[PDB]
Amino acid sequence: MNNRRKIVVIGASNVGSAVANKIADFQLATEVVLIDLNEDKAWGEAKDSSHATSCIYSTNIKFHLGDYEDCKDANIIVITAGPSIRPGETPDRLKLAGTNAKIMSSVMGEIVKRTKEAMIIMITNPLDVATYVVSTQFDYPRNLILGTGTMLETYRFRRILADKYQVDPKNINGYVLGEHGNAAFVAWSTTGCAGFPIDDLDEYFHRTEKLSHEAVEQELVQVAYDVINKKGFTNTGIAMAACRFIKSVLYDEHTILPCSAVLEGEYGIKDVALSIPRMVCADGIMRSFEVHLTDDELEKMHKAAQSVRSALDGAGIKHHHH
């Protein structure tokens, strides 16, 4: 049998290199391979990482430039290839659908020649679009494809309430669901803080100004664009989300998490990827948990479904069926 764990990261720019380096920090692989059209960048990133993994406190993690033959024995393949939205551009990841759908077809085209067994973690934007393209255009075990999705919005939700009330973000339970994008929404019906309603924190802390649900949901969406405008891009929080899914897979955790995959009738929605609660384990997504949404939350899920499906259509990605 094989004691080694091999992870391939496609795209070795800001996101790929942050995912690769978090993997190295948390010692989640034996071997990390970087693939990029720009092989010089992939080589430089891998070389810089190979020096970090020579530290006395690091395991000897093998970093290198590679190619698609490295997908043959990959446990996990994280896809980060393709451009982002840039500072001052329209704050809408769905504008990337046309270009990035084509990159995802090209990249998944090469992967499936080498493997039908690697767990695929999608990060490339538009996240739900990219997750849809690789899930529907190729024969690949559906369980082995996961988009990070609204895991990152969910971290943002936790931090906003953590910062507002000076509470541990880990105490903030529940999910941001829907699109990794402007149709993300807080499923307030799923939420709590340390075993009590989030709306009760104002009473516990004697706040005169009451929490605005709309303010929290807009902040967690808008902060992604503020970071892109001020830092130039984002990579830290997404690298962390990537590692969280990697751990659910490698520790066969059976964790229920918000992540993106093609819906199969949940909330009356099919043939679109969005984030809904799904169990993640060594064999990838075992199933969804169709939590009971309020009428308003259900409306937001439908709006998200409509917005992603329209972006897929605009990029010339077909409807699919069984």
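When you see a residue number, it is the position in the sequence shown, counting from 1.
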197-205 versus 176-184 - greater average Cα B-factor per the deposited record = 197-205
query = Going by the B-factors listed in the PDB entry, is the mean over the C-alpha atoms higher for 48-56 or for 31-39?
reply = 31-39
Residue selected from 236, 150, 171, 218 by maximal Cα B factor = 218
task = Sort 124, 75, 90, 248 by C-alpha B-factor from the entry and give me just the highest.
result = 90
inquiry  = Using the temperature factors of the C-alpha atoms in this entry, rank residue 16 within its chain: lowest, middle or highest third.
reply    = lowest
note = Among the modelled residues of its chain, the C-alpha B-factor of residue 272 falls in the third labelled middle
query = Can you tell me which third, lowest, middle or highest, the CA B-factor of residue 105 falls into for its chain?
reply = highest
query = Considering only modelled residues of the same chain, in which third does the CA B-factor of residue 304 rank: lowest, middle or highest?
reply = middle
message = Please say which third, lowest, middle or highest, residue 117 falls into when its CA temperature factor is compared across its chain.
response = highest
